[PDB]
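Let me begin by presenting the structure, written as structure tokens, before commenting on it.
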Amino acid sequence: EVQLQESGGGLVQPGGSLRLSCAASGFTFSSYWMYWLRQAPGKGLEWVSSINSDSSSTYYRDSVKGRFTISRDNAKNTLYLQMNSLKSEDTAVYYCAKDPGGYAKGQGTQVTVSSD
Amino acid sequence: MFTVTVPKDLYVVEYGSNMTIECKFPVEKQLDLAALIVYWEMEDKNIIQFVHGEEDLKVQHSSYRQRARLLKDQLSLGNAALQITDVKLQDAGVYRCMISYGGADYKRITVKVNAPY
């Protein structure tokens, strides 16, 4: 079975930084396009970023361009999301997925951006 | 919210026929092909990976090579349409369409193949 597990979520102030990691097993991670998705309470699952196997192509939702950076280690079967300049609107459970529908994704990691 | 819909999610098909199975996704005015990601899979098999405006064939399953096509002219209508030609008994099963177009969602379709003559 496909195994995906996100980590690196946390509570941060607006303008803060987190580095999400996603460990993959049960499939040939090094062959696949990989995706970051996210879902806030009461809202739909949405696409955040894509990266191809060889890291030659990356894509980002308009709202995170210049703030979020996707990368991967095909030897460590790990997908990364460096999140800088974090905004209140970025609050959500973040998912790594091997498909753009979130059919095969992890249990997620909570990212909370708030002044409190 | 962004929802993929399947107004028909059951296809009972004759052996050796062609079929098109369809998932709808909302499109406002002109489709942005560069924002669109459409996958078709069934069980543990890769059928279609259409990624930011271009199909990637690298991981496509051998059983579906040359028989499986995403109808590109349907995408602008918010229709993810998978054509399978020369349907096999082994084509029977649950298909999934997985789509990112801002939002992310998927639906499942049941395909049943009637015995040949």
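Order of the sequence lines sets the chain letters (A, B, ...), proteins ahead of strands, with each chain counted from 1. Computed over heavy atoms, backbone and side chain alike; hydrogens, waters and symmetry mates excluded.
Note on B:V38: it clusters hydrophobically with B:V111, by side-chain heavy-atom contacts below 4.5 Å among ILVMFWY residues. When the side chains of ILVMFWY residues are joined at heavy-atom separations under 4.5 Å, either directly or via intervening members, A:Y80 and A:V111 end up in two distinct hydrophobic clusters. Side-chain heavy atoms closer than 4.5 Å link hydrophobic residues (I, L, V, M, F, W, Y) into clusters, and following such links, even through other members, never connects B:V59 to B:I84.
For B:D44, no part lies near chain A; criterion is any non-hydrogen pair under 4.5 Å. With a threshold of 4.5 angstrom between heavy atoms, B:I37 approaches chain A through its backbone and through its side chain. In this structure, the portion of A:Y32 lying under 4.5 Å from any heavy atom of chain B is its side chain and not its backbone. Only the side chain of B:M1 has a heavy atom closer than 4.5 Å to any heavy atom of chain A.
In this structure, A:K98 NZ and B:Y39 OH are separated by 8.0 Å, a value rounded to the nearest 0.5 Å. Rounding to the nearest 0.5 angstrom, the gap separating the CG atom in A:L45 from the OH atom in B:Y106 is 10.0 Å. Atom-to-atom distance recorded for A:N52:CG and B:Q49:CD is 11.0 Å, nearest 0.5 angstrom. Rounded to the nearest 0.5 Å, atoms OH (A:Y103) and CD1 (B:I99) are 16.0 Å apart.
Chain B forms more heavy-atom pairs under 4.5 Å with one residue of A:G44, A:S31, A:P100, A:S57 than with any other, namely A:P100.
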>> Under the criterion side chain to side chain contact (heavy atoms under 4.5 Å, CB included), I'd like the reasoning laid out for A:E46 against B:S100: C-alpha separation, chi angles, the key distance, then a yes or no.
In response: CA-CA 7 Å; A:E46 63 188 26; B:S100 279; over 6 Å; no
>> Could you go through B:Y101 and A:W47, starting from their C-alpha distance and side-chain angles, then the distance that decides it, and tell me whether this counts as side chain to side chain contact (heavy atoms under 4.5 Å, CB included)?
In response: CA-CA 7 Å; B:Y101 190 63; A:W47 169 79; over 6 Å; no
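Within a 6.0 Å radius of CZ in B:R69, no more than 12 heavy atoms belonging to other residues, nucleotides or ligands are found. Within a 6.0 Å radius of CG in A:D62, no more than 12 heavy atoms belonging to other residues, nucleotides or ligands are found. Counting non-hydrogen atoms of other residues, nucleotides and ligands closer than 6.0 Å to NZ of B:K112 gives a total of 12 or fewer. Within a 6.0 Å radius of NZ in B:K88, more than 12 heavy atoms belonging to other residues, nucleotides or ligands are found. Within 6.0 Å of CZ in A:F27 there are more than 12 heavy atoms belonging to other residues, nucleotides or ligands.
Under the 30°/60° scheme for interplanar angles, the aromatic rings of A:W33 and B:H52 are found to be tilted.
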